[PDB]
Amino acid sequence: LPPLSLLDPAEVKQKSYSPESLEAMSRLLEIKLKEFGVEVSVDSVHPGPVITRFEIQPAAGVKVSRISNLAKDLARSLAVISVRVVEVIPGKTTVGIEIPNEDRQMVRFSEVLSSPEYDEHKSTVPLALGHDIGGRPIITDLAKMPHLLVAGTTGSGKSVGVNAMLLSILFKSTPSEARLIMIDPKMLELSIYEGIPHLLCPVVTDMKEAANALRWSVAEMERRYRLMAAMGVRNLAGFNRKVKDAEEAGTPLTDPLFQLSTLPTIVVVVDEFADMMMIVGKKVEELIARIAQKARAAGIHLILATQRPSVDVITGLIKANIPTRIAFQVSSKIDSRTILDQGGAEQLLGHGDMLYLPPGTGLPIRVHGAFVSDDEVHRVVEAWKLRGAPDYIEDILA
Amino acid sequence: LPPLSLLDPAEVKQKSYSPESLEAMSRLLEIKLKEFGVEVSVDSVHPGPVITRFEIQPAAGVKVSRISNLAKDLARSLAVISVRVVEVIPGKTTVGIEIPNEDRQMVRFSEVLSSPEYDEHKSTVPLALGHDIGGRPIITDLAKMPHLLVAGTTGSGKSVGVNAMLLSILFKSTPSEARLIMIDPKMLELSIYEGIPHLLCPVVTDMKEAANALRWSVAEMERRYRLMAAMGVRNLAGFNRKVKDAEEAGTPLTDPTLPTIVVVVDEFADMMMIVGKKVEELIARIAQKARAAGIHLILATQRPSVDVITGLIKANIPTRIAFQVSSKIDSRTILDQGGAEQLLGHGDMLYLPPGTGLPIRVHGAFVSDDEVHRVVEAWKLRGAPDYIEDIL
Amino acid sequence: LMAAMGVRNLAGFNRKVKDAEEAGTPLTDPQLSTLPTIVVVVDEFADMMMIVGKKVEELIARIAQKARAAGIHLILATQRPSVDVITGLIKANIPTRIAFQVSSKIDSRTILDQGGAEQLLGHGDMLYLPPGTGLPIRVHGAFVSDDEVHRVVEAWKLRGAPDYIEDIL
DNA sequence: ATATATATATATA
DNA sequence: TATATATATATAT
Ligand SMILES: Nc1ncnc2c1ncn2[C@@H]1O[C@H](COP(=O)(O)OP(=O)(O)O)[C@@H](O)[C@H]1O
Ligand SMILES: Nc1ncnc2c1ncn2[C@@H]1O[C@H](COP(=O)(O)OP(=O)(O)O)[C@@H](O)[C@H]1O
């Protein structure tokens with residue numbers, strides 16, 4: 001296994017944010033909202049890496065839409081790019097306002113991996129997203145999502161996020177524990193990964209080959225459900241603990257359908273499925289529907305990224321069974337209601353700010369995506385090419 | 001290599017855009033905004049060749065939308081033709097107001113090429129386009145686009161702009177470093193480029209030779225990726241450095257410099273639907289795969305349509321040029337937000353960068369047929385190129 | 001023939017005609033005479049494009065995309081400003097449009113791509129939309145009676161026999 | 001009290 | 001079916 005020292009290590013941050021600067025910014029926000037119609041008093045300050053949440057208590061008898069309908073003007077009168085108004089804070093009467101700082105600290109990916117969450121995270125598919133608005137990291141199990149949608153316009157830090165997720169997979173799991181399928185219609189980003197032992201296929205370029213790979217994944221899901229029926233288990237981890245119990249007693253439990261092995265966790269990533277549904281058509285959308293409908297228990301998981309949030313790409317069928325959404329900076333509030341099904345995705349800053357939406361109804365966790373460099377990615381790729389051979393299958397492309 | 005003096009020389013340096021005249025304009029703007037409900041205060045003044053930016057400082061309480069929803073009346077009462085309100089200036093607390101200036105000045109192309117951004121440039125295929133709001137030039141780079149759709153109607157800026165791009169190819173590079181392929185089912189516009197040493201074929205008249213040229217380009221893409229998989233090379237300039245090190249050593253190479261290829265089409269609208277939609281898969285495979293090979297596309301059409309500019313061509317080309325399609329309604333076919341709303345026909349354009357954001361305000365620098373024909377004859381003094389019959 | 005002669009428009013080829021026997025120096029046939037400017041008037045292309053189909057629209061689009069520097073022009077007249085007649089094919093290629101009194105703003109957006117055509121006072125009072133600037137220029141129509149038409153037809157029939165290319169049909 | 005902004009309702013590409 | 005336009009309604013003036 002690769003160590004945690006291949007990365008560029010933890011840097012020294014420019015933490016010069018004094019309490020007198022916080023008091024000055026608090027009084028400045030009080031004045032600049034008093035100059036408009038509202039009147040508000042700053043309650044407390046949460047300083048952070050990239051943004052700085054202010055908990056402001058409104059006056060007696062002033063609404064919150066009269067704060068949300070001038071977020072642009074409050075951002076203009078403070079010499080910042082854009083402010084974000086959190087309309088509800090769980091457990092308090094205060095309204096949140098998050099102002100970007102000046103010395104925007106780059107989130108160090110080695111600081112994200114150095115957490116007590118990620119270090120003893122037992123699951124074979126973790127995701128180190130990055131630090132949230134208050135400094136601590138957010139590590140999310142990819143098994144429990146079970147799938148993922150990523151969006152945001154170009155240059156808003158999206159391939160960096162997908163590379164952070166794939167390196168989050170690579171620093172924990174062997175090719176006997178996890179396994180990947182990659183699709184790339186734009187060979188700049190994902191072609192750096194061709195050679196790692198966690199692959200089943202060459203990095204898929206054409207869309208007919210990608211349709212063949214997704215039909216192979218349907219067939220693999222169906223035969224895994226039939227094999228779990230033939231062994232009488234319920235989920236994938238139950239089958240892996242069943243064959244582990246066969247390993248513990250030294251007892252060979254043979255093939256129920258003709259010796260079994262620990263089936264690794266397939267993860268199917270897609271760089272741009274908008275091009276896929278635009279080239280091939282509605283049957284690819286129904287194929288992703290038939291994947292997302294059932295493959296939670298079989299251990300086949302989806303990472304979907306797109307650059308075109310619309311009704312044509314992010315449809316009802318894709319939003320049917322993929323409830324976990326990553327949204328970077330997008331253009332309109334209509335696109336925010338397209339992916340996150342609510343406003344608020346447009347207020348971000350670029351450079352990998354995402355609104356993590358967990359599975360289930362909740363306020364979106366604003367997580368700053370950790371920057372990963374081409375040198376670190378290339379070093380992980382070369383370490384796995386020096387510690388692993390490819391495991392290809394011819395049938396996945398035909 | 002022709003000098004920059006074969007262009008027409010720099011025109012009359014128009015003075016009398018004085019600080020007292022712009023101060024009178026700024027006080028006029030303060031008075032005309034004070035007559036309505038708002039109160040404004042001009043902070044600084046950014047002049048320019050075509051238009052002028054006024055960084056105004058709004059007072060306490062006045063919103064931006066109050067300024068934006070009377071812009072028609074403000075542009076009426078300033079004796080100007082239009083106005084635009086830049087709602088955000090990064091890092092400053094000031095709203096930008098864009099006012100068209102008095103003399104709609106033409107951008108001189110020698111004023112574009114004389115800047116050190118073009119002269120000390122490092123790549124081989126730049127596209128000098130024009131200036132900003134303040135007159136500082138914007139010299140882009142075609143190697144990072146990596147493909148460039150041009151579309152528009154009504155004879156707006158298109159053929160002059162494509163000539164400016166191809167001259168930006170001409171003035172820097174040699175044919176050994178950057179070749180060209182030209183395709184035009186119109187026999188008219190780009191026929192003046194016949195005989196220049198940067199080409200590879202005649203200016204294509206029979207569209208079956210255009211399909212065979214694109215077929216040769218696809219096979220060239222295939223053999224260049226076979227070359228790079230035989231050499232372990234990501235993008236073309238790495239192999240150019242490797243063959244430079246093999247040329248310093250005289251080292252021959254195996255059979256699995258390479259010329260940079262830029263293919264233009266001016267009327268693929270009727271061509272792609274009459275010759276066959278099999279052309280579109282060729283164009284999409286080139287624009288997908290050959291973005292690291294060196295085969296770049298300056299695609300141009302006279303009819304920007306949903307039929308001929310589909311999503312299949314929108315996929316691999318995120319760097320777009322649109323002058324006048326009809327309006328901001330059918331704009332989303334090529335420029336995804338909005339098009340000919342304040343593009344003044346012959347001139348200003350919207351350059352969509354390889355990233356995104358507010359796209360670049362680019363004034364289309366003028367080129368004339370004397371300059372075009374003179375650069376063509378100056379390169380025809382350097383020689384006639386190689387012509388491949390398999391392309392034809 | 002203009003690609004053979006290296007000519008950049010029609011007016012350049014009439015300048016080649018001025019280089020020909022107009023200035024007293026005859027040419028060859030690669031003696032090329034004048035190529036006359038053709039103004040093809042169509043009184044009702046709605047009937048044509050609803051009866052015979054869309055291949056006529058393919059022909060009209062291949063003309064209207066290209067024929068400025070050619071020597072063939074079209075005055076298209078109709079009575080249905082609708083998508084059933086005027087599609088987007090014959091929209092972006094004819095940027096100069098005459099709009100008389102129509103009965104809806106929808107038809108005004110169908111032809112002029114804006115509003116204000118149904119407001120006209122009738123009887124030839126049109127909205128000349130010039131090329132380039134997409135702003136309407138309102139023009140009152142000039143009345144010419146049928147007797148003046150018979151006079152001009154008589155004045156041309158008393159001067160020249162019909163010079164036909166009869167094989168057009 | 002009433003011009004403005006806006007959410008929705010019907011007609012069309 | 002997505003959208004451009006049109007009409008009735010809070011809203012703060
Ligand atoms: N966490 C981060 N810190 C700093 N910069 C970032 C971060 N994430 C992304 N970026 C910047 O954003 C850019 C990534 O854009 P990207 O989303 O890959 O474009 P596209 O959507 O076209 O693939 C990079 O150039 C990088 O500089
Ligand atoms: N910088 C400029 N200044 C003034 N006019 C320009 C400039 N650039 C282009 N033009 C005008 O553009 C016209 C040519 O349009 P063109 O590019 O041929 O459109 P199309 O190719 O659609 O016919 C010329 O009349 C020329 O005057």
# chains A, B, ... in the order shown; residues from 1 in each chain; ligands from 1
$ residues_around --residues "range 2-11 of chain E" --least-positions-apart "5" --cutoff "12 Å" --atoms "only C-alpha atoms (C1' of nucleotides)" --output "list in words"
residues 310, 311 and 312 of chain A; 329 of chain B; 105, 106, 109 and 115 of chain C; 2, 3, 4, 5, 6, 7, 8, 9, 10, 11, 12 and 13 of chain D
$ residues_around --residues "residue 211 in chain A" --least-positions-apart "3" --cutoff "10 Å" --atoms "only C-alpha atoms (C1' of nucleotides)" --output "PyMOL selection string"
chain A and resi 183+204+206-208+214-217+276+280+283-284+287-288+396-398
$ write_last_selection --atoms "C-alpha atoms" --output "mmCIF file, in the first residue's frame"
data_model
loop_
_atom_site.group_PDB
_atom_site.id
_atom_site.type_symbol
_atom_site.label_atom_id
_atom_site.label_comp_id
_atom_site.auth_asym_id
_atom_site.auth_seq_id
_atom_site.Cartn_x
_atom_site.Cartn_y
_atom_site.Cartn_z
ATOM 1 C CA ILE A 183 -15.449 6.338 -19.105
ATOM 2 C CA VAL A 204 -13.251 4.088 -22.444
ATOM 3 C CA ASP A 206 -16.090 6.065 -27.553
ATOM 4 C CA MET A 207 -19.721 5.956 -26.467
ATOM 5 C CA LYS A 208 -20.589 2.618 -28.075
ATOM 6 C CA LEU A 214 -22.564 -0.380 -18.892
ATOM 7 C CA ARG A 215 -24.349 -3.424 -20.345
ATOM 8 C CA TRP A 216 -21.512 -5.554 -18.950
ATOM 9 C CA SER A 217 -22.163 -3.899 -15.594
ATOM 10 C CA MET A 276 -23.251 9.954 -23.711
ATOM 11 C CA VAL A 280 -26.556 7.635 -28.172
ATOM 12 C CA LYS A 283 -31.725 3.925 -24.087
ATOM 13 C CA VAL A 284 -28.498 4.921 -22.324
ATOM 14 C CA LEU A 287 -29.562 1.792 -18.905
ATOM 15 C CA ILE A 288 -28.327 4.142 -16.166
ATOM 16 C CA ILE A 396 -16.597 -5.258 -21.476
ATOM 17 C CA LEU A 397 -15.767 -3.395 -24.705
ATOM 18 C CA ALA A 398 -17.751 -5.580 -27.112
#
$ interface_residues --of "chain C" --to "chain B" --cutoff "12 Å" --atoms "only C-alpha atoms" --output "PyMOL selection string"
chain C and resi 1-10+58-59+61-70+87-96+109+112-114+130-134
$ write_last_selection --atoms "N, CA and C atoms" --output "tab-separated table (two decimals), in the first residue's frame"
chain	number	residue	atom	x	y	z
C	1	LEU	N	-17.85	30.05	-63.35
C	1	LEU	CA	-17.17	30.93	-64.30
C	1	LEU	C	-16.49	32.09	-63.58
C	2	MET	N	-17.03	32.53	-62.44
C	2	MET	CA	-16.34	33.55	-61.66
C	2	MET	C	-15.12	32.98	-60.95
C	3	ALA	N	-15.17	31.71	-60.55
C	3	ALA	CA	-13.97	31.07	-60.00
C	3	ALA	C	-12.92	30.86	-61.08
C	4	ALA	N	-13.35	30.64	-62.33
C	4	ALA	CA	-12.40	30.56	-63.43
C	4	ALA	C	-11.80	31.92	-63.75
C	5	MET	N	-12.59	32.99	-63.65
C	5	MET	CA	-12.12	34.32	-63.98
C	5	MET	C	-11.53	35.07	-62.80
C	6	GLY	N	-11.61	34.52	-61.59
C	6	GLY	CA	-11.02	35.14	-60.41
C	6	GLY	C	-11.71	36.42	-60.00
C	7	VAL	N	-13.03	36.35	-59.84
C	7	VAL	CA	-13.88	37.52	-59.67
C	7	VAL	C	-14.63	37.40	-58.35
C	8	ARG	N	-14.67	38.49	-57.59
C	8	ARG	CA	-15.07	38.45	-56.19
C	8	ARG	C	-16.55	38.71	-55.95
C	9	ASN	N	-17.30	39.18	-56.94
C	9	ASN	CA	-18.76	39.33	-56.86
C	9	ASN	C	-19.33	39.45	-58.27
C	10	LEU	N	-20.61	39.82	-58.36
C	10	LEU	CA	-21.21	40.10	-59.66
C	10	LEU	C	-20.69	41.41	-60.24
C	58	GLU	N	-35.57	23.52	-49.97
C	58	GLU	CA	-34.14	23.23	-50.11
C	58	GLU	C	-33.51	24.07	-51.22
C	59	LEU	N	-34.20	24.18	-52.36
C	59	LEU	CA	-33.72	25.05	-53.45
C	59	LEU	C	-33.66	26.51	-53.03
C	61	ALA	N	-33.39	27.72	-50.01
C	61	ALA	CA	-32.33	27.91	-49.03
C	61	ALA	C	-30.96	27.91	-49.68
C	62	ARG	N	-30.75	27.04	-50.68
C	62	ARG	CA	-29.46	27.03	-51.37
C	62	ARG	C	-29.26	28.28	-52.23
C	63	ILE	N	-30.34	28.89	-52.71
C	63	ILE	CA	-30.21	30.22	-53.32
C	63	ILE	C	-29.90	31.26	-52.26
C	64	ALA	N	-30.80	31.41	-51.28
C	64	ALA	CA	-30.78	32.51	-50.32
C	64	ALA	C	-29.57	32.49	-49.40
C	65	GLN	N	-28.87	31.37	-49.31
C	65	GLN	CA	-27.63	31.34	-48.55
C	65	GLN	C	-26.47	31.96	-49.32
C	66	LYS	N	-26.52	31.96	-50.66
C	66	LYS	CA	-25.29	32.13	-51.42
C	66	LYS	C	-25.36	33.20	-52.50
C	67	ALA	N	-26.55	33.48	-53.02
C	67	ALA	CA	-26.72	34.12	-54.31
C	67	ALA	C	-26.52	35.64	-54.31
C	68	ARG	N	-25.93	36.26	-53.29
C	68	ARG	CA	-25.70	37.70	-53.34
C	68	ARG	C	-24.66	38.06	-54.39
C	69	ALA	N	-23.51	37.41	-54.36
C	69	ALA	CA	-22.45	37.65	-55.34
C	69	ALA	C	-22.66	36.89	-56.64
C	70	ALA	N	-23.86	36.35	-56.87
C	70	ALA	CA	-24.11	35.49	-58.02
C	70	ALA	C	-24.75	36.25	-59.18
C	87	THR	N	-40.07	29.04	-42.45
C	87	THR	CA	-39.40	28.31	-41.38
C	87	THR	C	-38.15	29.08	-40.96
C	88	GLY	N	-37.28	28.44	-40.19
C	88	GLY	CA	-35.97	28.99	-39.95
C	88	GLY	C	-34.99	28.82	-41.09
C	89	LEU	N	-35.35	28.01	-42.08
C	89	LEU	CA	-34.49	27.83	-43.25
C	89	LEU	C	-34.47	29.09	-44.11
C	90	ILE	N	-35.62	29.75	-44.25
C	90	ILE	CA	-35.75	30.88	-45.16
C	90	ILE	C	-35.87	32.11	-44.26
C	91	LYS	N	-35.28	32.03	-43.08
C	91	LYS	CA	-35.29	33.13	-42.12
C	91	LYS	C	-33.94	33.79	-41.94
C	92	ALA	N	-32.91	33.02	-41.60
C	92	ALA	CA	-31.58	33.58	-41.37
C	92	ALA	C	-30.86	33.95	-42.66
C	93	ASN	N	-31.39	33.57	-43.82
C	93	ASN	CA	-30.74	33.84	-45.09
C	93	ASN	C	-31.35	35.01	-45.84
C	94	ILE	N	-32.49	35.52	-45.38
C	94	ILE	CA	-33.06	36.74	-45.96
C	94	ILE	C	-33.20	37.75	-44.83
C	95	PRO	N	-32.20	38.60	-44.61
C	95	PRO	CA	-32.24	39.54	-43.48
C	95	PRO	C	-32.96	40.85	-43.75
C	96	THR	N	-33.53	41.03	-44.94
C	96	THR	CA	-34.21	42.27	-45.31
C	96	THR	C	-35.64	41.91	-45.69
C	109	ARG	N	-43.61	38.57	-35.00
C	109	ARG	CA	-42.41	37.87	-34.58
C	109	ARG	C	-42.02	36.78	-35.56
C	112	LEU	N	-40.79	39.77	-38.88
C	112	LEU	CA	-39.86	40.82	-38.48
C	112	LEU	C	-39.02	40.47	-37.26
C	113	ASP	N	-39.31	39.34	-36.59
C	113	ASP	CA	-38.63	38.88	-35.38
C	113	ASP	C	-38.71	39.91	-34.25
C	114	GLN	N	-39.80	40.67	-34.23
C	114	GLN	CA	-40.09	41.67	-33.21
C	114	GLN	C	-41.59	41.93	-33.24
C	130	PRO	N	-34.18	47.15	-42.73
C	130	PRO	CA	-32.97	47.22	-43.55
C	130	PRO	C	-31.96	46.16	-43.13
C	131	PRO	N	-31.02	45.80	-44.01
C	131	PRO	CA	-29.98	44.86	-43.60
C	131	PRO	C	-28.98	45.52	-42.66
C	132	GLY	N	-28.40	44.71	-41.79
C	132	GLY	CA	-27.49	45.23	-40.80
C	132	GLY	C	-28.21	45.56	-39.51
C	133	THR	N	-28.57	46.83	-39.34
C	133	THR	CA	-29.28	47.28	-38.16
C	133	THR	C	-30.68	46.69	-38.13
C	134	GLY	N	-30.98	45.91	-37.09
C	134	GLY	CA	-32.28	45.28	-36.97
C	134	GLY	C	-33.33	46.16	-36.33
$ select_by_dssp --residues "range 80-168 of chain C" --states "alpha helix (DSSP H)" --output "VMD selection string"
chain C and resid 105 to 111 146 to 157
$ residues_near_ligand --ligand "ligand 1" --cutoff "8 Å" --atoms "only C-alpha atoms (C1' of nucleotides) and all ligand atoms" --output "PyMOL selection string"
(chain A and resi 106-107+152-161+189+307+350-353+368-372) or (chain B and resi 354-355)
$ residues_around --residues "residue 74 in chain A" --least-positions-apart "6" --cutoff "9 Å" --atoms "only C-alpha atoms (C1' of nucleotides)" --output "list in words"
residues 29, 32, 33, 80, 82 and 83 of chain A
$ residues_around --residues "residue 30 in chain B" --least-positions-apart "3" --cutoff "8 Å" --atoms "only C-alpha atoms (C1' of nucleotides)" --output "list in words"
residues 26, 27, 33, 34, 39, 40, 41 and 42 of chain B
$ residues_around --residues "range 126-132 of chain B" --least-positions-apart "4" --cutoff "8 Å" --atoms "only C-alpha atoms (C1' of nucleotides)" --output "MDAnalysis selection string"
chainID B and resid 107 109 112:113 118 136:143 161 164:166 168:169 360:365
$ residues_around --residues "residue 11 in chain B" --least-positions-apart "3" --cutoff "12 Å" --atoms "only C-alpha atoms (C1' of nucleotides)" --output "tab-separated table (two decimals) with C-alpha atoms, in the first residue's frame"
chain	number	residue	atom	x	y	z
B	7	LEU	CA	-0.08	45.96	-43.45
B	8	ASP	CA	-1.54	49.40	-43.99
B	14	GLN	CA	-7.28	60.91	-32.67
B	105	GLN	CA	-13.28	53.92	-33.97
B	106	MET	CA	-11.88	51.12	-36.12
B	107	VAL	CA	-9.30	48.80	-34.54
B	108	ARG	CA	-6.03	48.79	-36.48
B	109	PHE	CA	-4.50	45.36	-36.90
B	110	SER	CA	-0.91	46.60	-36.71
B	111	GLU	CA	-1.90	48.11	-33.35
$ select_by_dssp --residues "range 297-350 of chain A" --states "strand (DSSP E)" --output "list in words"
residues 300, 301, 302, 303, 304, 305, 325, 326 and 327 of chain A
$ residues_around --residues "residue 269 in chain A" --least-positions-apart "6" --cutoff "6 Å" --atoms "only C-alpha atoms (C1' of nucleotides)" --output "list in words"
residues 182, 302 and 303 of chain A
$ write_last_selection --atoms "N, CA and C atoms" --output "compact mmCIF listing (two decimals), in the first residue's frame"
# COMPACT_ATOMS: atom_id res chain seq x y z
N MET A 182 -13.89 3.13 -15.85
CA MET A 182 -13.78 4.53 -16.21
C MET A 182 -14.31 4.76 -17.61
N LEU A 302 -22.02 4.34 -8.83
CA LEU A 302 -21.89 5.29 -9.93
C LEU A 302 -21.40 6.64 -9.44
N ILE A 303 -20.43 7.19 -10.17
CA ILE A 303 -20.03 8.58 -10.05
C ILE A 303 -20.29 9.23 -11.39
$ closest_atom_pairs --of "range 215-281 of chain A" --to "range 112-130 of chain A" --cutoff "10 Å" --atoms "only C-alpha atoms" --output "JSON lines"
{"residue": "A:237", "atom": "CA", "partner": "A:123", "partner_atom": "CA", "distance": 10.0}
{"residue": "A:264", "atom": "CA", "partner": "A:124", "partner_atom": "CA", "distance": 8.9}
{"residue": "A:265", "atom": "CA", "partner": "A:124", "partner_atom": "CA", "distance": 7.7}
{"residue": "A:266", "atom": "CA", "partner": "A:125", "partner_atom": "CA", "distance": 9.8}
{"residue": "A:267", "atom": "CA", "partner": "A:125", "partner_atom": "CA", "distance": 8.9}
$ atom_distance --atom1 "CA of residue 51 in chain B" --atom2 "CA of residue 97 in chain B"
10.2 Å
